[PDB]
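Please treat every number below as a calculation from the coordinates, not as lab data. All Cβ positions, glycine included, derive from the backbone under ideal geometry; neighbour counts span all protein chains shown.
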Amino acid sequence: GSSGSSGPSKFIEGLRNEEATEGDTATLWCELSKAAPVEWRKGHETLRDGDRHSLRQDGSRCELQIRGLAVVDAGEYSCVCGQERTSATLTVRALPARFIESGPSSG
């Protein structure tokens, strides 16, 4: 018929340097050798779902979301599931200080 679950949870693809643009919403993902609840961390704190953050994983796929990208956010995100742990640097290009204009010409 079917099989069970053998071996712990090990990152297959692992997290890679995610470079996005300020303002946008960075989205990182990583494959898992097995289906299990993982955890995301940003520096000296454990990310959580509810505050400008979305932590969810489908079967054996993790996907972290960080609404409100900033220059400070860009650093190093770590993912912990059980015994193994991965890390990756995130870059955030600060939007070019621009201005808004009503209109070039009139008519």
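What the table below lists for this structure:
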quantity	calculated
Search result, residues across the range 82-95 that are farther than 18 Å from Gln65 by Cβ and surrounded by 13 or more Cβ atoms within 10 Å (Cβ to Cβ)	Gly82, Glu84, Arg85, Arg93
The range 1-17: number of residues that are aliphatic (A, V, I, L, M) and surrounded by 13 or more Cβ atoms within 10 Å (Cβ to Cβ)	1
Yes/no for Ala20 being among the small types (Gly, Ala, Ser), within 14 Å of the chain's Cα centre (by Cα) and surrounded by 15 or more Cβ atoms within 10 Å (Cβ to Cβ)	yes
Pairs, first within 8 Å of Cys62 (Cα to Cα) in the range 24-36, second surrounded by fewer than 14 Cβ atoms within 10 Å (Cβ to Cβ) and not small (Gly, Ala, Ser), C-beta under 6 Å, six or more apart	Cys30/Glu13; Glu31/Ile12; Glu31/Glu13
Subset of the range 18-36 (residues that are in contact with a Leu (Cβ under 8 Å, 6 or more places away or on another chain), not in a loop (DSSP other than H, G, I, E, B) and not hydroxyl-bearing (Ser, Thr, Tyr))	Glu18, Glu19, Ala20, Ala26, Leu28, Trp29, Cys30
Residues satisfying the stated conditions in the range 64-79, i.e. surrounded by 14 or more Cβ atoms within 10 Å (Cβ to Cβ) and within 17 Å of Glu19 (Cβ to Cβ)	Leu64, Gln65, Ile66, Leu69, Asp73, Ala74, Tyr77
Output for the range 23-59, where each listed residue is under 14 Å from the mean Cα position of the chain (by Cα) and aliphatic (A, V, I, L, M)	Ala26, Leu28, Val38, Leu47, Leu55
